[PDB]
Amino acid sequence: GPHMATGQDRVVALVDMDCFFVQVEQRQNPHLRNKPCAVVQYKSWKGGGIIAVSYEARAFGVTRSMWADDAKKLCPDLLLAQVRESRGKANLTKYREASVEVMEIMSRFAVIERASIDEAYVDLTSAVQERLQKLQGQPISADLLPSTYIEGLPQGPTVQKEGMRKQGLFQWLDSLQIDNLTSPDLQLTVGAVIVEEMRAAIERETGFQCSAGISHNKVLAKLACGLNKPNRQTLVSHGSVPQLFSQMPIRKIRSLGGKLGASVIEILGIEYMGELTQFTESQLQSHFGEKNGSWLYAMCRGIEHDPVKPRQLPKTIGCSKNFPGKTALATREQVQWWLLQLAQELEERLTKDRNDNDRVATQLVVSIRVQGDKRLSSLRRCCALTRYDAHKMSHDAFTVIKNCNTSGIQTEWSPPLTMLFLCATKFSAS
DNA sequence: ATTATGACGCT
DNA sequence: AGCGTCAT
Ligand SMILES: Nc1nc2c(ncn2[C@H]2C[C@H](O)[C@@H](COP(=O)(O)NP(=O)(O)OP(=O)(O)O)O2)c(=O)[nH]1
Ligand SMILES: [Mg+2]
Ligand SMILES: [Mg+2]
């Protein structure tokens, strides 16, 4: 009733760059613009593995995780850009620097949470309060929302997509009570006005296009962002949640796409997020644990409390390389050489991080995978990181992993190593 | 032989 | 601290 909190206290947006690495390469090379194109890492095995796909190429069925050779079967005119290689491995520096460009623009409008190389959450609650005081009860013109979809509208009592977008927006705006400065729907609308401005600034100052979601929490903002990619933003109101979730497969919600979501489906005998509402909070906790149960009980009603963290910089800086099948490292000299290449990249990135961001990592995490282990990491060991020196970190990494070598022979390495991973963590202000 | 990361929960 | 899960 009057006391049931509805999770409508915040305005949260999620901004995600469209086919980000592709856009970075299309900015640099105009010949790739407005074409089916993809970004690949490496080349010799099956043409390289695709990690980003322009929307024109997606129309042909090209996807992330495809081998380029297979993608070319679906799209013979597909254009390809390769990730830079340095010290024998993929080097993603160009895309990290482009990411910093975007995140610095977003930070002008609000404190952001860097959630990946291409996306950030924004808590717009206070900015919305401010813009509402400025508006002085003045209604919001559809011209301020030129790329916004309102999820669930139009409804009730008309052929092309832009016309449908405008019909839905008109219905939404006419239903608005622009007098109540505390109306959650009005707050979301003003948030969407601000996100239009943020996306305009990103495109004007970088050339990059993005999509966004606007809702009352992070999960709904992320889901909304996906609904109308590319180059559009979507508002998911609290009221839109029952219909949206009534046919939403459980796996589409962030964090339910793996074993937990499968167990929700299997234990409860349900398929859609909306079906979760029929269970009590205690029932869900009994199946999925305290925290998961409370999270599911709230989230199927559109309510989620995870805060937008004030964090524009990544928490860790890491370097990793797989050595699949027959390229796996089987000698001590090989393991040392690749530990050194990874450590040299790490030292470069860490030194630049220290100069830019006034902090120093203090812990070095070494992870390996051995042949025949189906897990990501076969072993993880930490040691101290006291100097940004690649020879030192690579010698320390060897010292912490050398006991994994089954070979009594000192020259060989058995079982051979199919992955090396160095990660700098536990940053302190310097 | 999907790869290269990054986040975060569990014990 | 080291491992597992999720993500893409
Ligand atoms: N190295 C590496 N990079 C990856 C991987 N997967 C993605 N990336 C990189 C390449 C991606 O460009 C970037 C951002 O990932 P998204 O937001 O998930 N995809 P995008 O922005 O391309 O398309 P959309 O319009 O649907 O958002 O992360 C991977 O497995 N490995
Ligand atoms: Mg993206
Ligand atoms: Mg993303």
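Proteins come first, then strands; the chains are lettered A, B, ... in the order of their sequence lines, and each starts at number 1. As a basis for the values below, the full set of heavy atoms in this structure was taken, side chains included, without hydrogen atoms, waters or symmetry mates.
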S.K.: When you measure from the side chain of A/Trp67, which nucleotide among C/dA1, B/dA1, B/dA4 comes out closest?
M.R.: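 Within the option list, the nearest is B/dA1.
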
S.K.: Between A/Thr418 (side chain) and A/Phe323 (backbone), is there a donor-acceptor pair under 3.5 Å?
M.R.: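 No; zero donor-acceptor contacts below 3.5 Å.
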
S.K.: Any carboxylate oxygen within less than 4.0 angstrom of a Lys/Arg side-chain nitrogen, looking at A/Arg199 and A/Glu196?
M.R.: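 Looking at A/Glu196 together with A/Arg199, the answer is yes, because their closest N to O distance falls below 4.0 Å.
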
S.K.: Within this structure, what is the CE-to-P distance between A/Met419 and B/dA1, rounded to whole angstrom?
M.R.: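 Rounded to the whole Å, the gap is 13 Å.
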
S.K.: OP1 or OP2 of C/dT5 less than 4.0 angstrom from a side-chain nitrogen or oxygen of A/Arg375, does that happen here?
M.R.: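 For C/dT5, neither OP1 nor OP2 has a side-chain N or O of A/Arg375 closer than 4.0 Å.
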
S.K.: Touch check for A/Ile117, heavy atoms < 4.0 angstrom, all strands: base, sugar-phosphate only, or nothing?
M.R.: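 The answer is nothing, as A/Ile117 stays clear of every strand by at least 4.0 Å.
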
S.K.: Whole-Å distance between C/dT5 P and A/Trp295 CH2?
M.R.: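 My rounded result for the distance is 18 Å.
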
S.K.: Between A/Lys218 and A/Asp306, does any NZ, NE, NH1 or NH2 come within less than 4.0 Å of an OD or OE carboxylate oxygen?
M.R.: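 Counted as a salt bridge, because a side-chain N and a carboxylate O are separated by less than 4.0 Å.
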
S.K.: Thinking salt bridges, do A/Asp356 and A/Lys352 make one under a 4.0 Å N-O criterion?
M.R.: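 A salt bridge is present here (some side-chain N lies under 4.0 Å from a carboxylate O).
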
S.K.: Taking CG from A/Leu350 and P from B/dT5, how many angstroms apart are they, rounded to a whole number?
M.R.: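 From A/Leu350 CG to B/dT5 P: 13 Å.
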
S.K.: Which listed nucleotide (C/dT8, B/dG6, B/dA4) is nearest to the side chain of A/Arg96?
M.R.: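 Among C/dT8, B/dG6, B/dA4, the one nearest the side chain of A/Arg96 is B/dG6.
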
S.K.: What residues from residues 36-46 of chain A pass a heavy-atom cutoff of under 4.0 Å to DNA chain C?
M.R.: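 Contacting residues: none.
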
S.K.: Quickly work out the A/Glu345 CD to B/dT3 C1' distance and round it to whole Å.
M.R.: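 Value for this atom pair: 13 Å.
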
S.K.: Pick the P atom in C/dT8 and in B/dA1, then give their distance to the nearest Å.
M.R.: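 The same atom, P, in both gives a distance of 24 Å.
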
S.K.: Between B/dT3 and A/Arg64, counting only base atoms on the nucleotide and side-chain atoms on the residue, is there a donor-acceptor pair under 3.5 Å?
M.R.: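 By the distance-only test, yes, there is a pair.
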
S.K.: Considering heavy-atom distances to DNA chain B, does A/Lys309 or A/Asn91 have its closest nucleotide positioned more toward the 5' end?
M.R.: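 The 5'-side residue here is A/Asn91.
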
S.K.: Taking only side-chain N and O atoms of A/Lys259, does any of them lie within less than 4.0 angstrom of OP1 or OP2 on C/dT5?
M.R.: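 So the side chain of A/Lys259 is within the cut-off, an N or O lying under 4.0 Å from OP1 or OP2 of C/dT5.
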
S.K.: Rounded to whole angstroms, how far apart are NZ on A/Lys252 and P on C/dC6?
M.R.: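 So the NZ-P distance, A/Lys252 to C/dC6, works out to 16 Å.
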
S.K.: Do A/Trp172 and A/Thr189 have side-chain N/O donor and acceptor atoms under 3.5 Å apart?
M.R.: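 Yes - a donor-acceptor pair under 3.5 Å links their side chains.
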
S.K.: May I ask you to say whether A/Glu85 pairs ionically with A/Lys89, meaning some side-chain N is under 4.0 Å from a carboxylate O?
M.R.: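 Looking at A/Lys89 together with A/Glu85, the answer is no, because their closest N to O distance does not fall below 4.0 Å.
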
S.K.: Can you tell me the distance, in whole Å, between the CG atom of A/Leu376 and the P atom of B/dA1?
M.R.: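 It works out to 14 Å between those atoms.
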
S.K.: Counting any heavy atom closer than 4.0 Å, what does A/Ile317 reach on the DNA or RNA strands: base, sugar-phosphate only, or nothing?
M.R.: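 Sugar-phosphate contact only - A/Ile317 comes under 4.0 Å of backbone atoms but never of a base.
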
S.K.: Is any NZ, NE, NH1 or NH2 atom of the basic residue among A/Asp77 and A/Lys35 found under 4.0 Å from an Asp or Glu carboxylate oxygen of the other?
M.R.: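 Salt bridge: no.
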
S.K.: Given B/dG9, is OP1 or OP2 found less than 4.0 Å from the side-chain N or O atoms of A/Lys291?
M.R.: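 Answer is no, no contact under 4.0 Å.
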
S.K.: When you check the gap from the basic side-chain N to the acidic O, do A/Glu347 and A/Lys392 get nearer than 4.0 Å?
M.R.: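 Not counted as a salt bridge, because no side-chain N and carboxylate O are separated by less than 4.0 Å.
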
S.K.: Side-chain N or O of A/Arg254 versus OP1/OP2 of C/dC6: is the shortest distance under 4.0 Å?
M.R.: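 Result: no.
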
S.K.: Taking A/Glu197 as the fixed residue, which of A/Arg108, A/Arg131, A/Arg204 is the one that meets the salt bridge (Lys or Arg N to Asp or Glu O under 4.0 Å) rule?
M.R.: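 When salt bridge (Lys or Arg N to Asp or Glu O under 4.0 Å) is applied between A/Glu197 and each of A/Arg108, A/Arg131, A/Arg204, only A/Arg131 qualifies.
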
S.K.: Atom CD1 of A/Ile51 to atom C1' of B/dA1: distance rounded to whole Å?
M.R.: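 Taking atom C1' of B/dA1 as the reference, CD1 of A/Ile51 is at 16 Å.
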
S.K.: List in numerical order all residues of residues 318-336 of chain A for which some heavy atom is under 4.0 Å away from an atom belonging to DNA chain B.
M.R.: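 Under 4.0 Å from DNA chain B: A/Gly318, A/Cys319, A/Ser320, A/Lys321, A/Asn322, A/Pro324, A/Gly325, A/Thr327.
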
S.K.: Check whether the side chain of A/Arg380 and the base of C/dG4 form a donor-acceptor pair under 3.5 Å.
M.R.: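 Present.
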
S.K.: Below 4.0 angstrom from OP1 or OP2 of B/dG6, is there any side-chain N or O of A/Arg311?
M.R.: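 Checking A/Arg311 against B/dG6: no side-chain N or O falls below 4.0 Å of OP1 or OP2.
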
S.K.: What nucleotide, of B/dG6, C/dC3, B/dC8, holds the atom closest to the side chain of A/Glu113?
M.R.: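 Looking only at heavy atoms from C-beta outward on A/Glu113, the closest nucleotide is B/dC8.
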
S.K.: Using atom CZ of A/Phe288 as one end and atom P of C/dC6 as the other, report the distance to the nearest whole Å.
M.R.: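 So the two atoms are 13 Å apart, to the nearest Å.
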
S.K.: Got a salt bridge between A/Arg27 and A/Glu101, using NZ or NE/NH1/NH2 to carboxylate O under 4.0 Å?
M.R.: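 Result for this pair is yes, salt bridge flagged.
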
S.K.: With the side chain of A/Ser65 defined as its heavy atoms from C-beta on, choose the nearest nucleotide among C/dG2, B/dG6, B/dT2.
M.R.: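 Closest nucleotide to the A/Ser65 side chain: B/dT2.
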
S.K.: In a table with atom names and distances, give each donor-acceptor pair under 3.5 Å that connects a side chain of residues 263-276 of chain A to protein atoms at least two apart or in another chain.
M.R.:
residue  : atom : partner  : partner atom : Å
A/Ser263 : OG   : A/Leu260 : O            : 2.8
A/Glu275 : OE2  : A/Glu271 : N            : 2.9
A/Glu275 : OE2  : A/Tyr272 : N            : 2.9

